[PDB]
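Let's start with one chain on its own, the form deposited in one PDB entry, as structure tokens.
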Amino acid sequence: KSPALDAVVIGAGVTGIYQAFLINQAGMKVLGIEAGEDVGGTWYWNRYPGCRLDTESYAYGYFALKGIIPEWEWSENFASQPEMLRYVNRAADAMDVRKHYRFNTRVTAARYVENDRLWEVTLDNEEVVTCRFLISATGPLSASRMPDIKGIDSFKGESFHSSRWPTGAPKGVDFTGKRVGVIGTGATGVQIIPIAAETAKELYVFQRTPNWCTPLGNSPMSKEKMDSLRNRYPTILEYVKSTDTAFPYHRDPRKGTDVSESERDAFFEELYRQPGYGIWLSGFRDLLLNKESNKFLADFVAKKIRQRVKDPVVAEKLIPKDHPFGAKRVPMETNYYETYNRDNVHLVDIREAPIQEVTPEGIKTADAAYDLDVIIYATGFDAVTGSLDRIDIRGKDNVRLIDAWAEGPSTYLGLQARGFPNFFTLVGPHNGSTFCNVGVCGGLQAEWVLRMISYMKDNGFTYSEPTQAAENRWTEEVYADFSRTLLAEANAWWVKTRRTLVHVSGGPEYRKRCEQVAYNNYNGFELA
């Protein structure tokens, strides 16, 4: 039998739509599936207050850089959520990609049929579509997780996870008169807290673990600046392609030690005050390899925190003692620390006083009871493998991807897994495009995968699968490379339990390997 489609593409985020656009451009037969109503992925689903980019607007905007929508105008340096979703909507316009997709449709199971080298894809547990290739663009921080606390449903006020804010108008942003509780202090939390506190009656922050945070330094984007940028897109494109993360920054050649304390102190101050992630991704070459170098930056930020926070007890509570700087994603913020100087904001430490349960009134903890009219769960995601974990995926010998990855992910190039022929996990585990400015990183990964499906059509090949030795060596390489950094000393979302779900070596290096595989007739894959 013959599968109907060349490929199915799961997801309508920035990765998914481009993937889908490209495939169809090459004249193949594609269907996209999105669970929500329309394109946007991250930018569709995450409508909470203060939701904002990390990455410079113009560096994230692959779609603009590649002249798909060259005339696009950014209004700020770090675009808000609504602006992003506008961009994606426009981008999809010029691609004409919507007609290729099934919206309001969820993939629930996927089964490989050895005997026909195809994939049988189940939509909302009834209908079945057949494709030669399954391509997941279901993204690294899709798949929300509620924390493991007793009695979440026992709560009688308003309550929800950050990625399912009530609504397409973000309803009830105004917390006038309300007692609000916020669980979690990651990137989401840090964006939410200063904003809610403008209107909340009382704001209690339930912080189990403190992150290192630094000033976003957002500012609006003059039309001149935007003209000066669009004129350089070719340069900006090449440049972001050459940096380890595809963010527009690169390391100082020097070590932390080749420089006297007073020279370091000056260099850090200059970064601290620079808009964006310069502090994190333009430090010294050994910020993430060398405990001593890390300590230097960590003490500087510490000191900064005690400047911005008036009461020294609160301030100490907010300074991490337990993981080196830049080991977890560094959340960037507007006026976060100053928030704690407010009379109507309370930091509740829930490591020393672990949350007992959620009651109808408020939140019980080992020490106190909090009456609350609203609770916010900024508790993050089932990272990387999470949304795949939520599809029954089955391969050769009817094995599940979940059992397959039970000891941790195993893939070649982070693109295919052994036992799962003709299946591409885009920006998935052990992938060089996951620790990235994903806007550019996944654009490039979508393009490479196109070139592999194209190589397959031309040579009439119907089957692709990693060899054992390919996959073992790769995985080995990924753990090896990761154990060398201070990223090993931490529990970020990209760690599972202590192992990595992700590839930390450099994008340009990762892509260089990929090019070396593709050139050598996809060496490491069995093809037939």
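Counting begins at 1, following the sequence as shown. Here the rigid core means the biggest group of C-alpha atoms that line up within 1.5 Å when the two forms are laid on top of each other.
Another form exists, deposited in another entry; not displayed. Remarks below refer to it.
- Only one entry in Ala35, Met28, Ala492, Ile69 has its C-alpha moved by 2 angstroms or more between this form and the one not shown when the rigid core is superposed, and that entry is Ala492.
- Taking 2 Å as the criterion, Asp265 does not count as shifted between this form and the one not shown: its C-alpha moves by less than this amount when the rigid core is aligned.
- When the rigid core is held fixed, the Cα atom of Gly386 travels 2 angstroms or more between this form and the one not shown.
- Superposition of the core reveals a Cα shift of less than 2 Å for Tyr112 between this form and the one not shown.
- In the other form, the Cα-Cα separation between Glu56 and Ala492 grows by 3 Å or more relative to the displayed conformation.
- Relative to this form, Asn437 and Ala492 separate from one another in the other form, with their C-alpha atoms ending up at least 3 Å farther apart.
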